[PDB]
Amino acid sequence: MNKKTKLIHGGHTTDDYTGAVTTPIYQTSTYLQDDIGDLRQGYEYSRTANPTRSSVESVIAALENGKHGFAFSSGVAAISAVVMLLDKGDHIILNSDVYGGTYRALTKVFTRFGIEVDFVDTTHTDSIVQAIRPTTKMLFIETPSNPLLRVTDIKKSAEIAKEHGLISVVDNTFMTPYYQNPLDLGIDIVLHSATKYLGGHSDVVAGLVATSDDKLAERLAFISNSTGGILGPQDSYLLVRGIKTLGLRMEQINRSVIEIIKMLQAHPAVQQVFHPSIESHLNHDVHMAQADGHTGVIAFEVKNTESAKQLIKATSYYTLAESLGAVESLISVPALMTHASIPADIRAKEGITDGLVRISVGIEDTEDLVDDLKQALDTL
């Protein structure tokens, strides 16, 4: 199947029993047994397995070309289950600018269980190699990252991990399985905040994990059954439903990204623009070799906090909110929202100025989105 066909027919999303062309919502906690231990269709207790959740798990496995899928109550729960593959005394390497929620969990929760963490500039793979310790067991990378869209070489990271005996993990949220497939590049585990593009409609919080490794899958299943951060059946259904349109949504988003970037690069009120499609973006070549499309997150700098605040008030179609990947276009200012707890001098050295604006391109008309942002910039 080509990609758009796989989004409709990959995995198991119909009812074998009635023929229903959509996955029934099994709002149930337990299953009758005909004889003790005799499970009619392999279900016994919804925390261990639920048919609607099993459907979305089969879909993400299919879309990432993995064997096993797992659905969690949030992206953070997916990350937590993966980190729980490790033991006290183990060390993990992550990219320097990792999601604030990943950063928080690792430095404030899992350090109390003896997991040690280092945040490394993974855009230079030599810095990965230099950071590996005897106790390192995992390499965890996002690419592209937030909010500056830094790109990390997935295939090289997978090779480094294999050579040094590490479990490799990619957070593939920003690219989605439609454009980037880490498992095909040798990564062990791929994961997503399905809250973003996969659900696509700003109406489900969910995490998804996929792997082809049977032993890691058994370990993940045991962690899931033992710590219980499972996705419910209604959210599993809405996620399956949202994924159906993923290809069309990302293709529209990508058309708009191209034109929006052109407008931003020409606008006199905009300084730097950050997106992996830009020729001068660091590791642009790496991104084009490992992905066949782009994320809809773009960041760009205006002069100062006052210009960013006024830019947002002047748009018609950009919704001021957290999150990304929705059908509606979204806008934020990282220094005031996500990164406000970081001292301003450190933020700036990290490349996040007070005037940095982040947008998540939605599926509105491309000309409307370009013209709306351009006229708002014109007021600065």
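Counting begins at 1, following the sequence as shown.
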item	value
Higher-B stretch (mean Cα B-factor, as the entry records it), 313-321 or 37-45	37-45
Which of 369-377 and 4-12 has higher mean CA B factor, as the PDB entry lists it	369-377
Given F174, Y99, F110, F140, the residue at which the Cα B factor reaches its maximum	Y99
Top residue by Cα temperature factor, when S145, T245, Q265, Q290 are compared in the entry	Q265
B-factor third for the C-alpha atom of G89 within its chain	highest
Among modelled residues of the same chain, the CA temperature factor third for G114	highest
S332 by Cα B-factor - lowest, middle or highest third of the modelled chain	middle
CA B-factor placement of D184, once the chain's modelled residues are sorted into thirds	middle
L220 - which third its CA temperature factor falls in, relative to the rest of the chain	middle
